[PDB]
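Undergrad: Sharing a structure with you now.
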Amino acid sequence: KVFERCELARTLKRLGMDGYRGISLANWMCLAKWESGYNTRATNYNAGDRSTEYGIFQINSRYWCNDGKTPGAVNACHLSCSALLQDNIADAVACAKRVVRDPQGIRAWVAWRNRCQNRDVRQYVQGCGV
């Protein structure tokens with residue numbers, strides 16, 4: 001599903017993402033934006049190391065979800081990577097909360113450092129009533 005900006009802001013808010021581990025909703029929105037353009041069906045295969053990134057947060061198959069074909073997969077979210085391509089993002093949010101309980105937090109996604117860190121990210125939630 002491709003979410004509309006404020007539709008996604010209110011969904012994340014309902015799912016308990018605002019302020020989760022010190023992370024504002026705006027920061028999670030900036031991350032979904034640049035990772036998938038708010039598209040749950042997004043996949044990016046990385047030929048170099050044989051892993052694939054899945055869904056709205058581009059969660060990788062080496063560490064977080066299991067897809068059967070990635071060498072050295074850990075599957076820390078204990079989730080099939082298939083669960084991250086649903087239109088319902090409850091599973092994707094549960095696994096994104098798992099990622100940020102590690103010390104690196106949101107810095108785990110390089111796209112957040114490039115595109116969101118030390119920038120004004122208030123635009124992403126502006127007018128959504130969140």
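Residue numbering restarts at 1 in every chain; chains get A, B, ... in the order shown in the structure tokens, and ligands count up from 1 in that same order.
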Find the spatial neighbours of range 22-25 of chain A, counting only C-alpha atoms, within a cut-off of 9 Å - ignore same-chain residues fewer than 4 positions away - and output them as an MDAnalysis selection string.
TA: chainID A and resid 9 12:13 17:18 29:30 105:106 124:125 130
Undergrad: With DSSP run on the backbone, what are the alpha helix (DSSP H) residues within range 4-130 of chain A? I'd like them as a PyMOL selection string.
TA: chain A and resi 5-14+25-36+90-99+110-115
Undergrad: Can you list every residue in range 59-125 of chain A that DSSP puts in strand (DSSP E or B), as a list in words?
TA: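 Here is the list: residues 59, 60, 66 and 80 of chain A.
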Undergrad: With distances taken over only C-alpha atoms, which residue among A:37, A:97, A:42, A:82 lies nearest residue 19 in chain A?
TA: A:97
Undergrad: From the options A:34, A:20, A:3, A:45, which residue's atoms come nearest to residue 94 in chain A, counting only C-alpha atoms?
TA: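 Smallest separation from residue 94 in chain A among the options: A:20.
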Undergrad: In Å, how far is it from CA of residue 11 in chain A to CA of residue 74 in chain A?
TA: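 CA of residue 74 in chain A lies 28.4 Å from CA of residue 11 in chain A.
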Undergrad: What gap, in Å, lies between CA of residue 77 in chain A and CA of residue 48 in chain A?
TA: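 Computing it gives 23.2 Å between the two atoms.
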Undergrad: Nearest residue to residue 123 in chain A out of A:41, A:5, A:107, A:98, using only C-alpha atoms?
TA: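 For residue 123 in chain A, the nearest of the candidates is A:5.
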Undergrad: What does the distance between CA of residue 100 in chain A and CA of residue 60 in chain A come to in Å, to one decimal place?
TA: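 So the two atoms, CA of residue 100 in chain A and CA of residue 60 in chain A, lie 13.6 Å apart.
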Undergrad: I need the residue nearest residue 4 in chain A from this list: A:128, A:65, A:79, A:59. Use only C-alpha atoms for the distance.
TA: A:128
Undergrad: Calculated over only C-alpha atoms, which of the candidates A:80, A:51, A:8, A:63 has the smallest distance to residue 108 in chain A?
TA: A:63
